[PDB]
Amino acid sequence: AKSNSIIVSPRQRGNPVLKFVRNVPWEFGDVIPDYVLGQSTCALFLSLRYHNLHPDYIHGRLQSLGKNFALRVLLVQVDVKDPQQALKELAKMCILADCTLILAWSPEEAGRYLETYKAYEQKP
Numbered sequence: 096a097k098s099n100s101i102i103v104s105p106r107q108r109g110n111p112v113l114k115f116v117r118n119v120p121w122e123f124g125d126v127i128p129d130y131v132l133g134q135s136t137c138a139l140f141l142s143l144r145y146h147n148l149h150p151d152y153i154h155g156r157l158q159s160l161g162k163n164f165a166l167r168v169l170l171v172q173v174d175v176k177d178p179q180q181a182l183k184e185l186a187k188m189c190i191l192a193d194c195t196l197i198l199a200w201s202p203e204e205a206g207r208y209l210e211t212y213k214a215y216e217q218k219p
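Residues in the sequence shown are numbered consecutively from 96, following full-length UniProt numbering.
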C-alpha cells in the first residue's frame, strides 16, 4: 500500500551498501530508480567511477524520473581521486533535472544516508 520498505532493483544486488544495509527494511522488486523510499520519493545510485566510464546511464535515469517521480535524490558515490570534474557535471545536471545531489565517500556513507532517509522519511 505504501513504501514501508525500500524497493531496490535486483540489478543493484551485490553492491556493498546493500550488503550492510539493514536498519530499514528493503526488498527487490525492480523499480525505475535505484532505491525507492516512497511512491513519490526516489533515490538514485550513481557511482562516480561508473559515470566516469558511462555518463549516459545517469542522464537516462533522470529522464525517466522526470515524469515518474516527484522527489528525486541523487546519491553519488566517489571512487576516484579527482572526482571534481564529474561532481561539477553531476551537480549542474541536478540543477536542470531538479534532483538533490548527495555525495558519498563510500558505500557506508551511501548506506547510512539511505537508511536514515527512509527511517525518517524527511525530505532533504
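All residues carry an ideal CB built from backbone N, CA and C; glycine is no exception.
For residue i, write down the residues that DSSP places opposite it in a beta bridge.
i, result
"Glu122", "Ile102"
"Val131", "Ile102 and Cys137"
"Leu191", "For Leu191, which the question treats as bridged, DSSP gives no partner whatsoever."
"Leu198", "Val171"
Measuring alpha carbon to alpha carbon, tell me which residue in the options is nearest residue i.
i, options, result
"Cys194", "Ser201, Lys218, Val119 and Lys213", "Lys218"
"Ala165", "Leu148, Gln179, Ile127 and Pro202", "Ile127"
"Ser135", "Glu184, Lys97 and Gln158", "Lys97"
"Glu204", "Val173, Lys162 and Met188", "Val173"
"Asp177", "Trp200, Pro105, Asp129 and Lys162", "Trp200"
"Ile101", "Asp125, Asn110 and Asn163", "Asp125"
"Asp151", "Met188, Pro120 and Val112", "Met188"
"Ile153", "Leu113, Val112, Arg117 and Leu196", "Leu196"
"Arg106", "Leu141, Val119, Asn99 and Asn118", "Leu141"
"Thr211", "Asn147, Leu143, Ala138 and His149", "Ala138"
"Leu143", "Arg167, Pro202 and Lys213", "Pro202"
"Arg207", "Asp129, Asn163, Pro120 and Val112", "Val112"
"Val168", "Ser104, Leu198, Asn118 and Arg117", "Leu198"
"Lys213", "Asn118, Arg108, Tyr145 and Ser104", "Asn118"
"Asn163", "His149, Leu209 and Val131", "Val131"
With a threshold of 16 other CB atoms inside 10 Å of the CB of residue i, please say whether the residue is buried or exposed.
i, result
"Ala186", "exposed"
"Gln180", "exposed"
"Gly133", "buried"
"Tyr215", "exposed"
"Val175", "exposed"
"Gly161", "exposed"
"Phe115", "exposed"
"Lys183", "exposed"
Our contact map puts residue i next to residue j with C-beta atoms below 8 Å; I'd like the distance itself, whole angstroms only.
i, j, result
"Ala192", "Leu157", "4 Å"
"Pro120", "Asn99", "6 Å"
Within 8 Å (strictly less), CB to CB, does residue i reach chain B?
i, result
"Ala199", "Of the chains in the structure shown, none is chain B; there is only one protein chain."
* Which ranges would you report for the alpha helix (DSSP H) in the segment 136-179 if only whole runs of at least 4 residues count? -> List check, alpha helix (DSSP H) in window: 143-148 and 151-163.
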